[PDB]
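Next up: a single chain in C-alpha cells, the form deposited in one PDB entry.
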C-alpha cells in the first residue's frame, strides 16, 4: 500500500495528536527504558588528565503505546534520521562525560525502529571522553577500575527508570587491544540512583577492571637498577689498599644509579605522591650510597695507627668480611618485604 515514510507522518503528525514533548504513559507508571552498549574502540587512558576515551553503540528500548499500529502490514518500520525529532526520546546522558560528540559521516549514525505493538529500538554511535579517578599508589602493580554511568537528566525516578537488559548488557568488540592495560572479561552491573536537591534521578553503571601489564617495567627499570646494586658488592672483594679502584667504583655506581632514575622520569606519570616504583628507585639508591660509606670506614680505620698497625689492619678486614655476607643479606630482606606487600595488595 502506502510507503512507510508517509505512514509515519500520519502516525506522528498533527493528526492523532502525537506530541513529542510528552513521555508515554503520562500521569501513570514510569517508563521502563532498557539499555545495552557495544564497545567498538577503547583506550588512550591518560593519567595526567585521568580519563579514557571509548567509542560505543548505545541501544535503547522502551514502549510507547501511541506508536502502536495495526493497519500497515509489515511487522516493523524504520524512521529516517531526518524525521527523528518527532519522537519522544529519553534524555540519557553520562554522568562523567568530560566532553563527547556524535558522528555525522555520510548520514547521522542514528537508528530507529518501531515494532507493531509499540516497542521502539533506538541505536546511536557516540565517542565519549569519560573520566575515571585513578589511584597510582602502587604503580606497576595496580588494578584500575573505571566506571561508566548513565543518568537521566530531566525526568526523575517516578517518570523514567533505566535498566540493564538481561541478555548481554555489555558486549565488547573482538580484536581489541590496549598499549598498557588488559581488559578483564568481568563487567559489574549495578545501580547508583543519584540524589540531588532537585530530585531522585535514576542511573545505571558498568564497571571495567583494568590490569596493568608488567613486562616493560621489569626489563628496563627493575632489573637494570637491580644490577647496579650488584656492582656495588664487588668493591668488597677488591683489595683494601687499591684506593683509586674502590672509590672509582663507588661514585660511578651512584652516578649510574642516578642516571637510571633521571632518564626514567619521562616514561613515568607525573603525580605528586610516592609510587611503588619510586620506593624501589630510592631504596636501591641507599644501598649504593651505603656501599661507599663502608669504604670510608675501612679507609679511615686502616690509615689509623708495630703492634697497633697490625691490630687495626685486622679489624678493617673484619668489617669487610662481615659486609660481604651481611649486607647482601639485608638487600634480600628488603627484596622479600617489597614483593610481598605489592602482590598481596
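Positions refer to the first chain, counted from 1. Here the rigid core means the biggest group of C-alpha atoms that line up within 1.5 Å when the two forms are laid on top of each other.
Another form, the form deposited in another entry, is not on view; read the next lines as being about it.
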| query | finding |
| --- | --- |
| Rigid-core-referenced C-alpha movement of 2 Å or more between this form and the one not shown, selected from 268, 170, 161, 84 | 268 |
| Post core alignment: residue 122 C-alpha displaced by 2 Å or more between this form and the one not shown | no |
| Threshold 2 Å Cα movement between this form and the one not shown for residue 146, core superposed | no |
| Rigid-core frame, C-alpha of residue 232, shift of 2 angstroms or more between this form and the one not shown | yes |
